[PDB]
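Heads up, the thing below is written out as structure tokens.
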């Protein structure tokens, strides 16, 4: 994106819903880019 | 004459020694010692 290497990755998070308890999952989209000195944001 | 030729050959050995040390400054070892101290402190933006 605009001549800079990005990364996207999908993370899950195991949460606990209630009705007794059940295991639900929550998804997030992460995004990081590379800087000029080779480090990552 | 032999006395001053041994003094000349001794002062030539210092002019060849310190001249070799002056012409050959920082060697392959001492370049790597200052490269590592430049690399150990370039991690500020990465740790943060």
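Residue numbers (the authors' numbering), protein chains in the order written: chain A, 1163 to 1181, 1189 to 1210; chain E, 2082 to 2129.
Don't be surprised by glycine CBs; every beta carbon is placed ideally from N, CA and C.
query	result
Can residue 1168 of chain A and residue 1200 of chain A be called in contact, C-beta distance under 8 Å?	yes
Which residue from A:1192, A:1178, A:1172, A:1202 puts its Cα closest to that of residue 1164 of chain A?	A:1202
Which residues does DSSP pair with residue 1176 of chain A in a beta bridge?	A:1194
When DSSP labels each residue in this structure, what does residue 1167 of chain A get in the three-state scheme?	coil
Can you tell which of A:1205, A:1189, A:1176, A:1180 has its C-alpha closest to the C-alpha of residue 1195 of chain A?	A:1176
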